[PDB]
Amino acid sequence: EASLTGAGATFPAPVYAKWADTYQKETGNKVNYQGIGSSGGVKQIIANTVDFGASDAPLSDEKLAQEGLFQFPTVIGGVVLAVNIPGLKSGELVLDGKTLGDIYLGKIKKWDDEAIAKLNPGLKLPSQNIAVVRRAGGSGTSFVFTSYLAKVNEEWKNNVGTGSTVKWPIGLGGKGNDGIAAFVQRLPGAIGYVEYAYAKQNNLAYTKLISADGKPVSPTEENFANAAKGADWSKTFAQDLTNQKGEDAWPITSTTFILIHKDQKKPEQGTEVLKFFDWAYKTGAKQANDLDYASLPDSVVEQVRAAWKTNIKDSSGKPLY
Ligand SMILES: [Br-]
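Taking PDB author numbering, the leading residue of the sequence shown gets 1, the next gets one more, and so forth.
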């Protein structure tokens, strides 16, 4: 029985924790995962203070090569806009990218702004103030959210840009996906971006969004998967799944990555990390699905397996898989 430690992205923490719990019950192995943020996840793996780092933002090929890291995706999730609007239920409100950006730009301050009124004709919107909530530190969720906004709102693109950390025009800072959930839940009129599972598990209302194709879509596990149907994984694991074309493609979709060293100095640890993730691909789909994360296609996992055999070695060049 091995004792493993990972750290990083809170975006997939619900499924990683679930997989960890089950894995221990079936095999005795213990995986301790700390949701500290994708930025931290990266610093820790590079500082070798954990067996594996987790980040939603991918490292470029050059950056991976420079640090001697290997990156592989695990699941597909989606970022949603949790809202606390009195007298509105979950799924009722529809926003489009431009409008979501203007709210984040602080240009739209009330829940009944003409712009929101127009996207929701049958709606009885309150003249309530918009309480914008965003992430306090370096965040992979912030990375995919800002990547999406830069694509749909020119002013956001030019003035704030994309990043795990950006100069937010407005908004209160929340720590972790859980911190944003908690804030929205306590602030009437709040809007905060969270990975879908955090909204569902906390019974937060969320909005629908309009797809790149121009249609209103609901955030569901299938819709996160739809957004990725067009990705050419054979080309690279570092797929941008935001604002993708296609039917029922959730526009703020993203995979998430696990980072491990190519040259394993504690090969036993490395072997066990690989076995845990291999077990998760082989047997963890239902648990990811129960938590509304979509599984990667089998062809992608096979690619990941082949790359493990090719890239992960002990200091004597011996593969660990
Ligand atoms: Br944070």
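Built from N, CA and C at the ideal position, the CB exists for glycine as well.
{"Query": "Segment limits, beta strand (DSSP E) that includes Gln-128", "Result": "Element bounds for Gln-128: n/a, residue is neither H nor E."}
{"Query": "Runs of alpha helix (DSSP H) wholly within the stretch 95–181 (minimum 4 residues, chain order)", "Result": "97–104, 114–119, 140–152, 154–159"}
{"Query": "Which residues DSSP lists as bridging residue 324, in chain order", "Result": "Any question about residue 324 goes unanswered here, given that the chain covers just 1 to 321."}
{"Query": "Helix, strand or coil at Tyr-206 [DSSP, three-state]", "Result": "strand"}
{"Query": "Beta bridge counterpart(s) of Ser-39 as assigned by DSSP", "Result": "Answer by DSSP bridge pairing: none, since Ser-39 is not bridged."}
{"Query": "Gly-176 Cβ short of 7 Å to ligand 1 heavy atom set", "Result": "yes"}
{"Query": "Check: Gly-137 C-beta below 7 Å from any heavy atom of ligand 1", "Result": "yes"}
{"Query": "Exposed unless 16 or more other CB atoms sit within 10 angstroms - verdict on residue 337", "Result": "Any answer about residue 337 is impossible in this case: the structure gives the chain only from 1 up to 321."}
{"Query": "Local conformation of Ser-299 per DSSP, three classes", "Result": "helix"}
{"Query": "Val-133 versus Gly-246: straight-line alpha-carbon distance, rounded", "Result": "30 Å"}
{"Query": "Completely contained alpha helix (DSSP H) runs for the stretch 184–242, where each covers 4 or more residues", "Result": "196–201, 221–228"}
{"Query": "Backbone CA spacing between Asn-223 and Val-75 [nearest angstrom]", "Result": "14 Å"}
{"Query": "Beta-bridge pairing of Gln-264 - partner residues as DSSP gives them", "Result": "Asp-314"}
{"Query": "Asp-248 CB to nearest heavy atom of ligand 3 below 7 Å", "Result": "The model depicted lacks ligand 3 and carries ligand 1 instead."}
{"Query": "Of the listed residues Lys-89, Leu-296, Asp-290, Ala-294, nearest to residue 347 (C-alpha basis)", "Result": "Residue 347 lies beyond the residue range present for the chain, which begins at 1 and ends at 321; the question has no answer from this structure."}
{"Query": "Distance between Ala-54 and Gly-40 (C-alpha atoms, nearest Å)", "Result": "9 Å"}
{"Query": "Nearest residue (CA-CA) to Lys-275, options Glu-26, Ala-9, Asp-292", "Result": "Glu-26"}
{"Query": "Simplified DSSP assignment, three categories, for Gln-34", "Result": "strand"}
{"Query": "Proximity to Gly-173 [Cα-Cα], best of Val-79, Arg-135, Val-94, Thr-22", "Result": "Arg-135"}
{"Query": "Residue nearest to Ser-164 in terms of C-alpha spacing, selected from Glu-154, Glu-155, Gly-176", "Result": "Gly-176"}
{"Query": "Nearest candidate by alpha-carbon position, reference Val-144, set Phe-257, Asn-84, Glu-114", "Result": "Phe-257"}
{"Query": "Alpha carbon of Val-194 to alpha carbon of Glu-92, nearest angstrom", "Result": "18 Å"}
{"Query": "Cut-off 8 Å between Cβ atoms - residues of its own chain near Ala-294, not counting five sequence neighbours on either side", "Result": "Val-75, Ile-76, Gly-77, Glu-221, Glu-222, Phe-224, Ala-225, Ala-228, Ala-288"}
{"Query": "Proximity test, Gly-35 beta-carbon vs ligand 1 heavy atom, cut-off 7 Å", "Result": "no"}
{"Query": "Bridge partners - residue 323, DSSP secondary structure assignment", "Result": "Past the boundaries of the shown model lies residue 323; the chain is included only from 1 to 321, so the question cannot be answered."}
{"Query": "Buried versus exposed call for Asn-243 [16 or more other C-beta atoms within 10 Å across all chains shown]", "Result": "buried"}
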